[PDB]
Amino acid sequence: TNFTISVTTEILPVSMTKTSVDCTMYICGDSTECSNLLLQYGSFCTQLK
Amino acid sequence: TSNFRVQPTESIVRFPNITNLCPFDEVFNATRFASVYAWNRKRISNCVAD
Ligand SMILES: *[C@@H]1O[C@H](CO)[C@@H](O[C@@H]2O[C@H](CO)[C@@H](O)[C@H](O)[C@H]2NC(C)=O)[C@H](O)[C@H]1NC(C)=O
Ligand SMILES: *[C@@H]1O[C@H](CO)[C@@H](O)[C@H](O)[C@H]1NC(C)=O
Ligand SMILES: *[C@@H]1O[C@H](CO)[C@@H](O)[C@H](O)[C@H]1NC(C)=O
């Protein structure tokens, strides 16, 4: 015999903070010899980028 | 493609040198030496080595 108007909240995530990973300076830092050694590992950093 | 970096150019090593040098000849040109079981330990510190 009666009606009620109810308002409900629904929270759904949309996205997240985009992050860029620099493989070379995170793994080997500023060392040139470490970068030369890592260059023989292939293209892992390029694939992850 | 790549990343931007600043190449090193000069050194700003910050530790003033110690007033004396390390006497490495004390353990090398000693007039006598100790045995293996009871050696002689000479702590060399606060100096500049070569
Ligand atoms: C249906 O319900 C509403 C409230 O949910 C009723 O409205 C109330 O009516 C009384 C008297 O008529 C007032 O004193 C209130 O202030 C009203 N409430 C609101 C929120 O306005 C309504 O009367 C009900 N209808 C029936 C047929 O029972
Ligand atoms: C240390 O530096 C002083 C100058 O501040 C210099 O005269 C001395 O020959 C240097 N060598 C030593 C003692 O380590
Ligand atoms: C001991 O030998 C070293 C190396 O030959 C030499 O420099 C030094 O003058 C000698 N004498 C002493 C007292 O260290």
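Along the chain as shown, residues are numbered 1 onward.
Determined by electron microscopy, 6.2 Å, according to the entry header.
Using the three backbone atoms N, Cα and C, a Cβ is placed for every residue, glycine included.
Counting residue by residue with DSSP, the region 'Disordered' (B:5-21) contains 0 helix, 1 strand, 16 coil. Marked as region 'Disordered' by Swiss-Prot on the basis of a curator's inference: B:5-21.
Spatially close to B:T9 (O-linked glycosylation site) yet at least six residues away along the chain is no residue at all, judged by Cβ distances under 8 angstroms. Here Swiss-Prot flags B:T9 (among others) as O-linked glycosylation site, drawing on experimental evidence.
A sphere of 10 angstroms centred on the C-beta of B:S11 (O-linked glycosylation site) encloses 6 other C-beta atoms. Under the heading O-linked glycosylation site, Swiss-Prot lists B:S11 (among others).
Summarising the annotation, Swiss-Prot assigns N-linked glycosylation site to B:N17 (among others) and lists experimental evidence as the type of evidence.
The Cβ neighbour count for B:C47 (disulfide bond), using a 10 Å radius over every protein chain in view, is 13. DSSP assigns B:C47 (disulfide bond) to coil in the three-state reduction, placing it in neither a helix nor a strand. Among the features that Swiss-Prot reports, disulfide bond is placed at B:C22-B:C47, with the record citing experimental evidence.
In this view, B:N29 (N-linked glycosylation site) is surrounded by 8 other Cβ atoms within 10 Å of its Cβ, with every protein chain counted. Residues annotated as N-linked glycosylation site in Swiss-Prot: B:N29 (among others).
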Candidates B:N17, B:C22: member of the recorded positions with the richest Cβ shell (10 Å): B:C22
DSSP-derived class (H/G/I helix, E/B strand, else coil) of B:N29 (N-linked glycosylation site): coil
Annotated recorded positions B:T9, B:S11, B:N17, B:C22, B:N29, filtered by Cβ under 6 Å to ligand 2: B:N17
Residue from B:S11, B:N29, B:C47 whose C-alpha is spatially nearest that of B:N17 (N-linked glycosylation site), among the recorded positions: B:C47
